[PDB]
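# Let me see the structure of the following:
(4 chains, ligands or ions: 3)
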Amino acid sequence: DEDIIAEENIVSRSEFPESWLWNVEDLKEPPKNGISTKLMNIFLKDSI
Amino acid sequence: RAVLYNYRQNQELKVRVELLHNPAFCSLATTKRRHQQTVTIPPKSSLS
Amino acid sequence: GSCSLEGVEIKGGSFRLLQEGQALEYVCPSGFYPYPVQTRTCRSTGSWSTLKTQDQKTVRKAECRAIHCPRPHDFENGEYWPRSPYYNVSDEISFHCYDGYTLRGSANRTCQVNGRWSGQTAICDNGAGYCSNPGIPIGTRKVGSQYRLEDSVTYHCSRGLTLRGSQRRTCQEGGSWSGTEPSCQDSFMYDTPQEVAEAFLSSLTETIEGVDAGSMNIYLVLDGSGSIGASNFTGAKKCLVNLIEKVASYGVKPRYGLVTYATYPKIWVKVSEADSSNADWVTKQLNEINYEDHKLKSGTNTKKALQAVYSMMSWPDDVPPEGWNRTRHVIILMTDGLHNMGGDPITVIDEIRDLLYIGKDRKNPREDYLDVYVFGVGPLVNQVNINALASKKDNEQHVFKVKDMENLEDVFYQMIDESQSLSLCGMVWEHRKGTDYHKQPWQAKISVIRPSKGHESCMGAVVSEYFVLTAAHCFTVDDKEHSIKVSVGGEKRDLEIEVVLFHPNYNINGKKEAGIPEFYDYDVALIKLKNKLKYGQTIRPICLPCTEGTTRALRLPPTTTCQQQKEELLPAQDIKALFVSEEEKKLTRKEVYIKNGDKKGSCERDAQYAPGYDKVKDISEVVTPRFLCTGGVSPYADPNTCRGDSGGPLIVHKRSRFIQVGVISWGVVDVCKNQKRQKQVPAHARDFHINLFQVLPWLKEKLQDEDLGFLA
Amino acid sequence: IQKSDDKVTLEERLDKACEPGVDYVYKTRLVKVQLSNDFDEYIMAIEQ
Ligand SMILES: *[C@@H]1O[C@H](CO)[C@@H](O[C@@H]2O[C@H](CO)[C@@H](O[C@@H]3O[C@H](CO)[C@@H](O)[C@H](O[C@H]4O[C@H](CO)[C@@H](O)[C@H](O)[C@@H]4O)[C@@H]3O)[C@H](O)[C@H]2NC(C)=O)[C@H](O)[C@H]1NC(C)=O
Ligand SMILES: *[C@@H]1O[C@H](CO)[C@@H](O[C@@H]2O[C@H](CO)[C@@H](O[C@@H]3O[C@H](CO)[C@@H](O)[C@H](O)[C@@H]3O)[C@H](O)[C@H]2NC(C)=O)[C@H](O)[C@H]1NC(C)=O
Ligand SMILES: *[C@@H]1O[C@H](CO)[C@@H](O)[C@H](O)[C@H]1NC(C)=O
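Numbering: from 1, shown residues only, chains lettered A, B, ... in the order given. Ligands and ions are numbered 1, 2, ... in the order given. Take a look:
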């Protein structure tokens, strides 16, 4: 009603894939102890 | 079946759930009337 | 009486009274839109119309809310970042596809002040369909993952948004989708005055340079309804005067038709008059019109006006006319979309296309013979009705929405300052005299007589008034200019040349130390003729990559770089192309596929079977990145190039225009023996060409004084 | 559309009929009422 978040203001979850993150990464970071660490910023899908 | 889950520990929820209208479907939701009901969900349970 | 102005003000803005106080228009500041209602109608009860949304929700008070760009609710074959519930002004999102996919369009897009995203639409495509991926414009939803031939896709906008463009697109023969790309418009997006006249002239000049021979009709319809105003008609009269002089500035004098309507149509100038082609006489009629009778009959009967346009172009049992399959028709109309009399005007539009033989065939659509442009005058505009009347041609806009009238007068003085680079290259109009050299005007036939070695029968391409582009191995340094004769246009005589300009990197015997007798790297040359070529119906040039005329021929913005054009003509897929061959003293076309995607590797490794190349170690030593590869068995059986077709153009047919992207160089297997075509070709019979995108600094230097307009 | 009964004559009738969505205005006469399974038929002879 007047209380609650308005239904038009709610943006619905839409992205429900079965598989994603199909990317190539090259470990070009400086190697400490023979080990290269790449930090990736990824965006999670709407699936639960 | 739209299943609403309530995984809160000890808080029951009063939820108004509404189905949006689509011209490709024929339900009770029209253009000038909303198909919304308000239900109560106990904690650690679900309601269909 | 007039409505009371109580309880109708808006939180954070003002208003202005239009239509003599019978309609208010909310004026929010720059960056805001009035919540739902843009305007309010004065119902005759004392109170204004309720603040109803697109969902018909009763809002009590109005408020100027912030402008959001439409969120991407659907995107396939990749990942866009960041995801947000809404996007403010000047937000940026970027696109990036998965492995094994090519990104075309703008990778970095920005939300502007007009509620639209900048650049072109980002598309992740794999190159497996006959047509390309139509992609998802931001705000839409695409239904249809198959991109084969005869397939279709349907589009839908979000809630409260109006579709502009084609709702359904169909893949046609040749690799071109029907209709136009959609774009979700709102109740406040409008169009900037620069974007209106920029797209309108790039459509209009296409259906003018094909008329080039007197064979074009232009119909002018003006709305005189009471919902526009008496003060808004005379400002539209002075706008239409500027339109006629811009059309007559191209040397073409078409026939004009002036009809102003409201409740009834009134014909001022008919196209069936002896003075309608005189462009100065129609301008004299435009000042003599008076709108006092249309003000008495206040109404919007759009259907009865278009029935008068049908009666002007129809013939009363005249029995096929001489310009029935050769006359371009252009219909220009201004309206507000709010028609209430006569009925649906779309039923008259379908009768016009049936009379002009448009859509009644599968091999000849004839979509270039009817263009319809609709302009939106006021804020009171039904964007659905104006979109269904206008035409939907590929890579082009025909629907426009502007406000306050005076800015539409600002787009007509701006378009005459804008100069359009007219391109006579690649123009083949269907004349019923279909002998060869009419279908292929650019094709040059080159003959070199050598002392007892024989006659060298090569080919070339007319690129300018003085230059003919061909291969470099047809000539040597010993061949003099008196022993080289070039013939164009099917003419019996031979034209004499001035100089043969070889590329500075050409060296055919530069690999004899490595055991390789031939070396066709940089196999291009120019032939500067002695006499200037006169352009007509049988001799016309062919367009070249990264020029000003190539940019307008693809309907791209003029800010298109040379790297953006290489992403357009030669993408990383199998590209449909064609070349010209001579079959029994008659010229014919052979459609091939350019292996530029994942089949580029299987095509290039077949060069080991060439004569002399049977013992070459590294296969990439003889195939530089200056090469393109055609022919083979996958995905189709392409016809192979002969020895006499050497030096010819490798042409790409896109949107009824022909662009050369390569020069024919050499082949592995000689399937032509000057007796027939050897009907049992092998599977590795590939042919190689010279990529014109790699020889651009040499072509720009040698053709700097030719008015071609190369890009920086 | 609505029960109405507000009348108001042309001030609440011309403005609804002259909206851009309204296509036809007829005055008819009912001839035959035919009940037939899925849709009900009302045959109206057009007077003006
Ligand atoms: C404007 O409209 C008229 C009327 O529709 C149209 O006339 C058509 O002209 C074409 C030629 O331009 C005709 O096509 C040929 O007609 C002859 C008889 O005249 C037939 O024998 C032909 O069949 C053979 O030839 C073909 C190759 O030429 C082969 O592919 C075919 O297999 C046959 O061997 C061929 O059909 C056509 O018949 C008429 N149509 C009518 C109804 O008269 C005119 O061309 C239009 N103008 C333009 C510029 O399109
Ligand atoms: C589209 O726009 C993006 C930015 O919005 C452009 O990305 C830029 O790409 C360069 C790579 O040449 C980035 O440089 C690198 O950044 C990483 C950050 O982790 C750093 O570790 C590297 O040493 C290197 O400096 C650059 O940062 C990046 N820009 C931004 C603002 O991050 C992209 O090139 C644009 N593409 C097109 C086609 O316009
Ligand atoms: C956009 O503007 C609103 C206005 O308050 C703000 O709340 C929001 O954080 C901004 N950014 C995004 C990504 O929505």
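# Go ahead and flag the most central residue of chain B.
Chain B has residue B:17 as the residue nearest its centroid, 2.8 Å off, counting by CA atoms, centre = their mean.
# Correction: the previous question concerned chain A.
residue A:43 (1.6 Å).
# That one is in contact with residue C:79, isn't it?
Yes - assessed by CB atoms under 8 Å, residue A:43 is found in contact with residue C:79 at 6.9 Å. (C-beta placed from N, C-alpha, C; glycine too.)
# can you count the residues close to the residue in chain B positioned nearest to chain C?
Nearest to chain C, among the residues of chain B, is residue B:32, at 5.1 Å (CB to the nearest CB). The number of residues packed near residue B:32 is 9, by other CB atoms under 10 Å in any protein chain shown.
# Now residue C:368: closest residue in space, sequence neighbours ignored.
residue C:207 (6.0 Å; CB to CB, 6 or more residues apart in numbering or on different chains).
# Assign a three-state SS to that neighbour, would you?
Under DSSP: H, G, I helix; E, B strand; the rest coil, the three-state class of residue C:207 is helix.
# could you measure it against residue C:313, distance?
In this view, residue C:207 and residue C:313 are 16 Å apart by CB to CB, to the nearest Å.
# what's the answer for residue C:561, then?
43 Å.
# How about residue C:175?
Separation of residue C:175 from residue C:313 (CB to CB): 33 Å.
# And for residue C:551?
With CB to CB as the criterion, residue C:551 and residue C:313 are 34 Å apart.
# Tell me which of those two has more neighbours.
residue C:551 (24 against 18).
# Next, count neighbours for the closest residue to that one other than its chain neighbours.
Closest residue in space to residue C:551, ignoring its immediate chain neighbours: residue C:560 at 5.2 Å, by CB to CB, 6+ apart. Neighbour count of residue C:560, defined by other CB under 10 Å: 18.
# First-to-last residue distance for stretch C:596-604?
This stretch, stretch C:596-604, spans 10 Å end to end (CA to CA, to the nearest Å).
# In it, which residues are buried?
Of all the residues in stretch C:596-604, those buried under the rule 16 or more other CB atoms under 10 Å in any protein chain shown are C:596-597, C:599-600, C:603-604.
# what do you get for stretch C:481-495?
C:484-486, C:488-490, C:495.
# Stretch C:90-105 now?
Under 16+ other CB under 10 Å, the buried positions of stretch C:90-105 are C:93, C:95, C:97, C:101-105.
# now check it, is it near chain A?
Yes - applying CB under 8 Å from any CB of the partner chain, one finds that stretch C:90-105 is in contact with chain A at C:98-99.
# List of residues touching that stretch?
The contact list for stretch C:90-105, computed with CB atoms under 8 Å, 6 or more residues apart in numbering or on different chains, reads A:22-24, C:69, C:72, C:75, C:77-82, C:84, C:87, C:107-112, C:119-127, C:135, C:567-568, C:571-573.
# gap between residue C:16 and residue C:39?
In terms of CB to CB, residue C:16 sits 10 Å off from residue C:39.
# what touches both of these two?
C:24-25.
# Between those two, tell me which one has more neighbours.
Taking other CB under 10 Å, residue C:16 and residue C:39 do not tie; residue C:39 has more neighbours (18 against 9).
# Nothing else from me, thank you.
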